[PDB]
């Protein structure tokens, strides 16, 4: 409510259905995440624990699109300051762990695009509803850095090592339909009904047994928690790459609209 949006600019809160706290986030184009939004999306889970009445959380990006991930501004801030780099490191860790350790089920209405941090948040949710034509991509390898913001924690237990290595190492995108087929996400529906179905799912969870749902989510999530070191190591390695020339060429290439010429 009021106490909360002021602290997290870019996040809007509403109750579309009884017990369903809907969080709408707004970034730059395709909801690219500026530093303030990244920090907000990673830290809000702390305070949400204090909100009474929440039986399910629904995540949605403003403008009918989820998120293309971290913005160029955020990336450049990270490369310019050690203090910023480490602050974002812990934010990146909580962007994934936040949803996982939140007591109530989290549903993500993944519209049109989910890349980098956007995909991290989409997959950190308990249930993700995507459109058959949604574009899902880790994207770090194209940028010149390791896939350390979620992939190593979540992908193996979602689609297995073969499909994970193929799509993470080659930067090969997945359509929402293909993603559901691999088991990366629970459902793939007509693009125009993504929000509709996600709300339906969220409402259904809000109708379920609160304590039993919390305990079940918590117990299942220990599977991910057992591999937290694996995840944090991938994140640390990714951040070590921020001072490397591969990231420099990756950004430069992306700005010059030319394929990267990695050294």
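Residue numbers count along the first chain shown, from 1.
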Taking the deposited Cα B-factors and averaging over 68 to 76 and over 170 to 178, the higher mean is found in 68 to 76
Mean Cα B-factor comparison, 154 to 162 or 84 to 92, giving the higher one as deposited:
84 to 92
Which one of 185, 100, 109, 143 shows the biggest C-alpha B-factor in the PDB entry?
143
Record-listed C-alpha B factor of residue 239: chain third
lowest
By the recorded C-alpha temperature factor, relative to the other modelled residues in its chain, which third is residue 202 in?
middle
Third assignment of residue 40 from its chain's C-alpha B-factors
middle
In terms of the CA temperature factor given in the entry, to which third of its chain does residue 51 belong: lowest, middle or highest?
highest
Where does the C-alpha B-factor of residue 191 rank in its chain, lowest, middle or highest third?
highest
